[PDB]
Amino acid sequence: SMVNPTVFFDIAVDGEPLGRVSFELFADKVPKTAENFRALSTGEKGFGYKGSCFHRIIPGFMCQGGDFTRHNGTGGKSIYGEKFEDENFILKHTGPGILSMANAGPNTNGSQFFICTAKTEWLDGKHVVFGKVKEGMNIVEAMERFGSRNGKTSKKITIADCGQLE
């Protein structure tokens, strides 16, 4: 992109490299939410996604991660504070690869996010969409296989490294 930043995750399975996933962050349309995810991916504020886990993976739906504070699917924090408001609902959950904010109700964005593996249109207007997988959707498909119907994963899926690409 000429305008939107690209960030990457190197995904690991019980510490073994699985592959790289890269994302286009839609700073052009969702700037505050995109900037949070970008900064959490570089770690430039002194905290962020590196080392954290995809704690909930449900085949046919999504891969969810981003709790680097409680490390158990309950926590999260943004670069703006513990939570920030829903910025806009301009973009929709249109299919696999959409990157969107997890939340616990209105205006509770932190750091948790999910990567859709299918269209999830019932989340439109409730979760802020802010990016998409650029490269590595096959790696997301490979992660999906470690999930289960209740989200529990059979091996530990982590963000072994992450950062911003030029």
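One-based numbering along the sequence shown.
Between 35 to 43 and 136 to 144, it is 136 to 144 that carries the larger average Cα temperature factor according to the deposited entry.
The stretch with the higher mean CA B factor, choosing between 46 to 54 and 108 to 116, is 46 to 54.
For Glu121, the recorded CA temperature factor ranks within the highest third of the chain's modelled residues. Among the modelled residues of its chain, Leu18 has a C-alpha B-factor that falls in the highest third, as given in the PDB entry.
Per the PDB record, residue ranking by Cα B-factor puts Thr74 in the middle third of the chain. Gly65: CA B factor in the lowest third of modelled residues in this chain (values from the PDB entry).
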